[PDB]
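In what follows, a single structure is set out as structure tokens and then discussed.
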Amino acid sequence: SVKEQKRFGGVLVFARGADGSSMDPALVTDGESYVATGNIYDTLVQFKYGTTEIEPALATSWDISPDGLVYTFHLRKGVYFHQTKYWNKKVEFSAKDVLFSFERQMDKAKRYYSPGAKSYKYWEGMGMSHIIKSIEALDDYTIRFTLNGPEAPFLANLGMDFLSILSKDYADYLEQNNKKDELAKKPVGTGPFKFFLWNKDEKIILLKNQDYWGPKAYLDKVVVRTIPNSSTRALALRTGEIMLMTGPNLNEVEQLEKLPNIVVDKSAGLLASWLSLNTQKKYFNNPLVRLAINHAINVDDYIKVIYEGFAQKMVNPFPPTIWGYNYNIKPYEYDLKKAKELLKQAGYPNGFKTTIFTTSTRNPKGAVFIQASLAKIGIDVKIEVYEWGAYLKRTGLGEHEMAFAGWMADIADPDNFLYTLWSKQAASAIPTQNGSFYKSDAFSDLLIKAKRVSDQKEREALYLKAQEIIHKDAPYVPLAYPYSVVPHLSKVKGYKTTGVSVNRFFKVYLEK
């Protein structure tokens, strides 16, 4: 097409607040890491850009048995892994690559990486080894999963970053050179961009993959920059030095959108932001103390000061853009007198001392707000600040007492918040994504039942009840569902804040 033809060509410079931590997405859990990897690797199925809808990817079609127990995937033929300076052999993707990618996480003998701090965190956290009974390559283009029970989220899970398809040929090559760590540094995938370079804490360069199996990327190159100060990042947009950015200072949004040639995209979001309370530690193991903390923080005021109104008050663990949200639950009321009384009832009439962890990139006013709120009931909060990589590591190991936490949905399903972040299964994995170490049988058992039926209304009933239990238990302080807010130059088209895996750049183009 002629309108289409004009979309091709150019360089996009994207900027964000913290670098990624790996080029193997199975080893990490954070959005910043996935900026790069989500462009490099494909999965068996994928989400249609801008949406939460599943469509084919490295599998062209699939059949699911009507008891939910067997999933047969028919793999795309003629797909080749990237050639780069460090891997110049041209190899066709096949069933053995799916087996490598999954079986390394499933079977500890096939871990591939040396013993050390590397961990398949999502796989462990989710209990994927409990879910899958077997994986078979029936032929070079056919993979069959057999499950130990029905698992409603399973198809959508196969779209998630941790189940990206790595190259078994490349792995084997690195193993024989004793350079296995490079699998996570110098990546090889099938996606619409390939890796060119990664300068830690500075930039990653992606180049168009001319041989991509799907519709070709418009852009020739993407430069993903790390600019940690969000004001500096916005000034870089204002000068044209960068072209699209995440994580704006919300008190600058209004001035940005007034400037010529800047657009600020905004949508409701699939995001939640809260305070973890480590329920296995002193004080935070007492429900009355947690309830006091809940009643002492004015979330309406928090959203005004921290988010400048670009957020909705959080009530349940996941946002109301996802089905199954419990609209009947009332948020805990801000009430200082009640909070004080609760602490007195718990045996702490003069409060106690504790610590909050925060990140160097978050607005510093957040931690200060919590400190101030809790000081009103006699809780003396010390603030400790960490860079992002270190923050993920330390909170992953349960070092915190209180810490800020946040999640962007991977899939539009409550399982991706409730089970992945709040279940006993999740709390059992070390490092953990259940940063409150919340351990409730009654809660977790409802989430297990909800995996085992696929009818959405039936699952909804179980999830509504689960949201009641976690609210009663108050193992955290819910704060906000932030809006997605993304400033960019008006010439940058095709980017979407909606849906999941939003930082894939294959649809983005420069208007000409």
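Yes or no, residue by residue, for (1) crowded, with 17+ Cβ neighbours inside 10 Å; (2) over 30 Å from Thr279 (Cα atoms); (3) out of contact with any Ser or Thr (no Cβ under 6 Å at 6 or more places or on another chain):
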{"residue": "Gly406", "(1), (2), (3)": "no, no, no"}
{"residue": "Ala442", "(1), (2), (3)": "no, no, yes"}
{"residue": "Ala450", "(1), (2), (3)": "yes, no, yes"}
{"residue": "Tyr476", "(1), (2), (3)": "yes, no, no"}
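Just to verify a result, which residue in segment 422-433, among those that are polar (S, T, N, Q) and assigned to a loop (DSSP other than H, G, I, E, B), is farthest from the chain's Cα centre (by Cα)?
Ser423
Within segment 345-380, how many residues are without any contact (Cβ under 8 Å) to a residue 40 or more places away in the chain and either crowded, with 20+ Cβ neighbours inside 10 Å or more than 15 Å from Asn294 (Cα to Cα) (or both)?
Counting residues in segment 345-380 that are without any contact (Cβ under 8 Å) to a residue 40 or more places away in the chain and either crowded, with 20+ Cβ neighbours inside 10 Å or more than 15 Å from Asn294 (Cα to Cα) (or both) gives 8.
Here is a check on your reading of the model: is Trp213 in contact (Cβ under 8 Å) with a residue 60 or more places away in the chain, closer than 25 Å to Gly247 by Cα, assigned by CATH to the domain that holds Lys507 and not aliphatic (A, V, I, L, M)?
Answer is no for this residue.
Can you tell me which residue among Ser444, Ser428 is hydroxyl-bearing (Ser, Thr, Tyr) and over 15 Å from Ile469 (Cβ atoms)?
Just a single option satisfies the conditions, and that option is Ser428.
What residue, among those in segment 281-293 that are part of a helix (DSSP H, G or I) and touching an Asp or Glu at 6+ places or on another chain (Cβ under 9 Å), is surrounded by the fewest Cβ atoms within 10 Å (Cβ to Cβ)?
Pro287
Just a yes or no: is a residue in segment 394-408 in a loop (DSSP other than H, G, I, E, B) and among the β-branched types (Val, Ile, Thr)?
No, the conditions are met nowhere in segment 394-408.
List the strands (runs of 3 or more DSSP E) inside segment 1-120, counting only whole elements, that have at least 1 residues being over 14 Å from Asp161 (Cβ atoms).
Correct list: 11-16, 54-56, 59-64, 70-75.
What single numbered condition from (1) farther than 29 Å from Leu447 by Cβ; (2) surrounded by 20 or more Cβ atoms within 10 Å (Cβ to Cβ); (3) small (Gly, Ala, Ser) fails to hold for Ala109?
(2) is the only condition that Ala109 fails.
Write out, first by first residue and then by second, each pair whose Cβ atoms fall under 8 Å of each other, whose residues are 6+ apart or on separate chains, and whose first residue, in segment 183-209, is in the same structural domain as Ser164 (by CATH) and in contact (Cβ under 8 Å) with a residue 40 or more places away in the chain while the second is among the hydroxyl-bearing types (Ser, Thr, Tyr) and part of a strand (DSSP E or B).
Partner pairs satisfying both residue conditions: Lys186/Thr84; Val188/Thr84; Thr190/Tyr80; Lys194/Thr84; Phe195/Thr84; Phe196/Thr84; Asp201/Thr226; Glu202/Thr226.
So, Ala236, is that one in contact (Cβ under 8 Å) with a residue 12 or more places away in the chain and farther than 30 Å from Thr354 by Cα or not?
Yes, satisfied.
Starting from residues that are in a helix (DSSP H, G or I), in contact with a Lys or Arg (Cβ under 7 Å, 6 or more places away or on another chain) and not charged (D, E, K, R), keep the ones in segment 298-341 and report whichever is surrounded by the fewest Cβ atoms within 10 Å (Cβ to Cβ).
Per the criteria, the residue is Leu336.
Which ones in segment 17-49 are farther than 21 Å from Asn209 by Cβ and over 15 Å from the mean Cα position of the chain (by Cα)?
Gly17
I'm trying to understand the selection: among the residues of segment 434-454, which are assigned to a helix (DSSP H, G or I) and either outside the structural domain of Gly398 (by CATH) or more than 23 Å from the chain's Cα centre (by Cα) (or both)?
Of everything in segment 434-454, those that are assigned to a helix (DSSP H, G or I) and either outside the structural domain of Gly398 (by CATH) or more than 23 Å from the chain's Cα centre (by Cα) (or both) turn out to be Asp441, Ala442, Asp445, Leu446, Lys449.
Counting only residues that are among the basic types (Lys, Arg) and in contact with a helix residue (DSSP H, G or I) (Cβ under 7 Å, 6 or more places away or on another chain), which one in segment 429-465 is farthest from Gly68 (Cα to Cα)?
Taking the candidates together, the pick is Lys439.
Taking segment 137-153 as the search range and keeping residues that are in contact with a strand residue (DSSP E or B) (Cβ under 7 Å, 6 or more places away or on another chain) and surrounded by fewer than 22 Cβ atoms within 10 Å (Cβ to Cβ), which one is farthest from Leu183 (Cα to Cα)?
Once the filter is applied, the top-ranked residue is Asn148.
Can you go through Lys493, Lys472, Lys512, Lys451 and tell me which one is basic (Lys, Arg) and without any contact (Cβ under 8 Å) to a residue 12 or more places away in the chain?
Every option except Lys472 fails the conditions.
Neighbour counts are summed over all protein chains in view; Cβ atoms, including those assigned to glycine, are modelled from backbone coordinates with ideal geometry. The values are calculated or read from the model by the stated rules, or taken from the named source; no laboratory read-out is quoted.
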